[PDB]
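Q: In the first instance, please consider these chains from the complex; the rest will follow:
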Amino acid sequence: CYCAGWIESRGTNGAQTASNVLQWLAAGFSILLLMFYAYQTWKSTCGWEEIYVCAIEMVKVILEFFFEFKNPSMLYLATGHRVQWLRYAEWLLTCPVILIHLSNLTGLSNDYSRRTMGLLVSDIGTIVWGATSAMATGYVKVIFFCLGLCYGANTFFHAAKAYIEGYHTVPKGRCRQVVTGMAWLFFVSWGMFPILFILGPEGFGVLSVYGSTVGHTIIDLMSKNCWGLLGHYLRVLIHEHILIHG
C-alpha cells in the first residue's frame, strides 16, 4: 500500500507545535471543566449534556494528540486522501448532544418537541454528508458537501428558532444575555466548521492537516467547552431564579 498521497506533508512544524499546544490547552480545559461539573453534580444542579460533551472532547483531544495520523483517526483511502475520521466521529458523538442541550436551554422541560427531532436529524445528516464529502474526492465531494450545506442550513434554521424560543423563555436580565452569548458562540463556531472544511485538505487544500487541526481545536473549544459552560451557567441562573421567585 504505497499511494504517495498518504505521505504528502502534515504541516510546517510550526502548525504542528501550535496544534500540540492547543491540544494540551484543550485537554486541560476539558479536565478542569469535568472536575467542575462533577463538583456541581455533587453540590449544585448540573446537566448530563455538558458533562458528556466535555468527556468526548477530552477523549478526542487525547486521541488527536497521540494517534491523530493513525487508523480510527486518519483513514488513508485508495484515493490518496487522508480522512480525519476522528473529527467526524466526534462530531457525530457531540453535536447531537449539543443540540439536545440547545433544545431545553433551561434544564426544566422534561419533554421535547418535533423541532428537536428535526434539529437532530438535520445535524446527523449534515455530519454524514460532510464525512462523505471528506472521503468523496472530486465532483462527488462537491455534491456531498452541497447536500451537507442544505442539511446544515436546516440545522441552523432550527437552531435559530430554538435560540429565539430560549431567549423568550428565560427570565429577563442576565439569563437572556447568557442565551445571546450562547447563540453567538454557537453560530460563529458552527459556521466556521464548514469554512474550515472548505479551507482544509478535505476541500481546497489551503490549511494543511496541522493548520486545520489548529482551527478545529479553537472552534471545538468555542463550541464544546465554552458553549457548554455557558449553558451550565444559564441552567444555574434558572435554578437560582426558581429558588427565589419560581
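A: Yep, it's here. Numbering: from 1, shown residues only, chains lettered A, B, ... in the order given.
Q: separation between residue A:241 and residue A:31?
A: Separation of residue A:241 from residue A:31 (CB to CB, to the nearest Å) stands at 30 Å. (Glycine included, C-beta is placed from N, CA and C.)
Q: quick one, what contacts the nearest residue to residue A:3 once chain neighbours are set aside?
A: Nearest residue to residue A:3, sequence neighbours excluded (CB to CB, 6 or more residues apart in numbering): residue A:80, at 5.5 Å. When contacts are counted by CB atoms under 8 Å, 6 or more residues apart in numbering, residue A:80 touches A:3, A:4, A:5, A:6, A:137.
Q: and what of residue A:131?
A: Counted by CB under 8 Å, 6+ apart, residue A:131 has contacts A:83, A:85, A:88.
Q: Please name the residues that touch the last one.
A: Counting by CB under 8 Å, 6+ apart, residue A:88 makes contact with A:127, A:130, A:131, A:134.
Q: how about 10 Å then?
A: The contact partners of residue A:88, taken as CB atoms under 10 Å, 6 or more residues apart in numbering, are A:75, A:127, A:128, A:130, A:131, A:132, A:134, A:135, A:202.
Q: of those residues, closest to residue A:226?
A: Checking those against residue A:226 by CB to CB gives residue A:127 as the nearest, at 20.4 Å.
Q: does residue A:81 count as helix, strand or coil?
A: Secondary structure, DSSP: H, G, I helix; E, B strand; the rest coil: residue A:81 is coil.
Q: so it makes contact with residue A:200?
A: No. Contact criterion CB atoms under 10 Å: residue A:81 and residue A:200 do not qualify, at 11.1 Å.
Q: Tell me the residues that contact both of those two, please.
A: Common neighbours of residue A:81 and residue A:200 (CB under 10 Å, 6+ apart) are residue A:134.
Q: Burial check on the closest residue to residue A:101 other than its chain neighbours, number of neighbours?
A: Closest residue to residue A:101 apart from its sequence neighbours, by CB to CB, 6+ apart: residue A:49 at 3.8 Å. Residues near residue A:49, counting by other CB atoms under 10 Å, number 23.
Q: Wait, residue A:49 touches residue A:229, no?
A: No. Contact between residue A:49 and residue A:229 fails when scored by CB under 10 Å: they sit 11.8 Å apart.
Q: just to revisit the earlier point, now go through the contacts of residue A:88 and say which are in strands.
A: Using DSSP state E, no member of these falls in strands.
Q: residues near the nearest residue to residue A:74 once chain neighbours are set aside, how many?
A: Sequence neighbours aside, residue A:82 is the residue nearest to residue A:74 in space, at 5.1 Å (criterion: CB to CB, 6+ apart). Neighbour count of residue A:82, defined by other CB under 10 Å: 22.
Q: try the one 10 residues further on
A: Using other CB under 10 Å, residue A:92 is surrounded by 15 other residues.
Q: For it, give me its contacts.
A: Neighbours of residue A:92 in contact, by CB under 10 Å, 6+ apart: A:56, A:123, A:124, A:127, A:128, A:131.
Q: now the sequence for chain B, which goes on the structure above:
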Amino acid sequence: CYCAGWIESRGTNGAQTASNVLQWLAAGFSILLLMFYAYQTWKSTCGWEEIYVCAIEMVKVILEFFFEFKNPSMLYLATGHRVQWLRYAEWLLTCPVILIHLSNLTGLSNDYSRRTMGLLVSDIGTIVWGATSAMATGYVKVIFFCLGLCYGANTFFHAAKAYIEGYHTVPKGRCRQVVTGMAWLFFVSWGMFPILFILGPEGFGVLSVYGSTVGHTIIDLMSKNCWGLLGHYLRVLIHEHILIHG
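A: So that you can see how it sits with the rest, here is chain B on the chains above:
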C-alpha cells in the same frame, strides 16, 4: 496505491447475483412503499419517519447496486480493509429516525422525553463505534466493537422500555399485536446487524462482501421497510380508534 488487500474477492458470483436480485427487490419494495406513503399523506394520516426511512433505503439500495465498491460506498484504506461507508452512513441516517418512530409509536404525542434522547445518543454512539471498528483492524477493532456493544446494549434496553410503554399505551386488541410484531421485527433485525458485522469482512471474514450485502439487504428490508410499514399500520389503527372511540 496498490495495497493488494483491495482486490481480494468480492464474492462467489452467486452471492453477487443474490445481492443484485435482493437489491432489485428492495428497490421495488421501497418504491412501492413510498408510493403508498404518498397516497396516504394525500388521503390518510402518514408520518414523516416511515417516508424518510424508505426514501433513504431506496437511495442506499440504488447506490449499492451501482457504486457499492466505489468511494463514498467503499473506503479502501491503507490497512487493506474495504470499509462499506455506505452501510454505516445509511445507518446514521435511518436508525435515529427509526428510533424517533419507536418513541411516539402512536403518532399523537407531539412531545418526547429524555428516554428518547438516551435512545438517540446511544444509537448514534453505537453506529459510530461500529464504523470505527470496521475501519479499525486489529485489537482496536475489538475494542471499538465492544464499545459499540455497550452502546447498543443501552440502545436495546431503552428500545425495550419504549416497546413496553407503547404496548401499554395502544388500545387492547390489534394495536398491541402490531406493537408486538414491531418489537419482534426490531429486535431480530437489530440483533442480526452486529452478528453480520462479526461474520462479515469487517470482523471475522466468513461472509465475504457479497454475502454480507445479501444478509444486510434482508435485515434492512426487515428493519426499515417492514418495520416502517408495521408502524404506519399501527398509526392508522390508532387514528381509526380515535375516530370511533377517541
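Q: What about the nearest residue to residue A:3 again, now that chain B is present?
A: In this structure, residue A:3 finds its nearest non-sequential neighbour in residue B:1, 3.4 Å apart by CB to CB, 6 or more residues apart in numbering or on different chains.
Q: Could you report the neighbour count for the one you found?
A: Here the count is done by other CB atoms under 10 Å in any protein chain shown, and residue B:1 has 16 residues near it.
Q: So which bits of stretch A:17-32 are buried?
A: A:18, A:19, A:20, A:22, A:23, A:26, A:27, A:29, A:30 (16 or more other CB atoms under 10 Å in any protein chain shown).
Q: Can you tell me the SS state at the residue nearest to residue A:3?
A: What three-state DSSP gives for residue B:1 is coil.
Q: isn't it right up against residue A:6?
A: Yes. In this structure residue B:1 lies within contact range of residue A:6 using CB under 10 Å: 8.3 Å.
Q: Need the overlap of contacts for these two.
A: A:76, A:77, A:80, B:78 (CB atoms under 10 Å, 6 or more residues apart in numbering or on different chains).
Q: are any of the residues you listed buried, and which?
A: For these, buried by 16+ other CB under 10 Å: A:76, A:77, B:78.
Q: can you list those residues in JSON lines and add distance to residue B:209?
A: Below are those laid out as JSON lines (distance: CB to CB, whole Å):
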{"residue": "A:76", "distance to residue B:209": "20"}
{"residue": "A:77", "distance to residue B:209": "17"}
{"residue": "B:78", "distance to residue B:209": "19"}
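Q: just to revisit the earlier point, can you list the shared contacts of residue B:1 and residue A:6 in CSV and add distance to residue A:143?
A: Formatted as CSV, the shared contacts of residue B:1 and residue A:6 follow (distance: CB to CB, whole Å):
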residue, distance to residue A:143
A:76, 23
A:77, 18
A:80, 19
B:78, 25
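Q: How many neighbouring residues does residue A:170 have?
A: By other CB under 10 Å, 20 other residues sit near residue A:170.
Q: Enumerate every residue touching it.
A: Residues in contact with residue A:170, defined by CB under 10 Å, 6+ apart, are A:105, A:106, A:176, A:177, A:178, A:179, A:234, A:237, A:238, A:241.
Q: cool, and residue A:71?
A: By CB under 10 Å, 6+ apart, residue A:71 lies in contact with A:85, B:77, B:78, B:79, B:81, B:132, B:135, B:136, B:137, B:138, B:140, B:141.
Q: Validate this expectation: the second one resides in a helix.
A: It stands for residue B:77. No. Secondary structure assignment (three-state DSSP) places residue B:77 in coil, not in a helix.
Q: residues in contact with it?
A: For residue B:77, the contacting residues are A:1, A:71, A:75-78, A:83, B:3, B:5-6, B:83, B:134-135, B:137, by CB under 10 Å, 6+ apart.
Q: before we move on, what about the last one?
A: Contact criterion CB under 10 Å, 6+ apart gives A:71, A:72, B:79, B:81, B:132, B:133, B:134, B:135, B:202, B:203 as the residues in contact with residue B:141.
Q: pretty sure the last one is touching residue B:149, no?
A: No. Residue B:203 lies out of contact with residue B:149 (CB under 10 Å); the separation is 11.9 Å.
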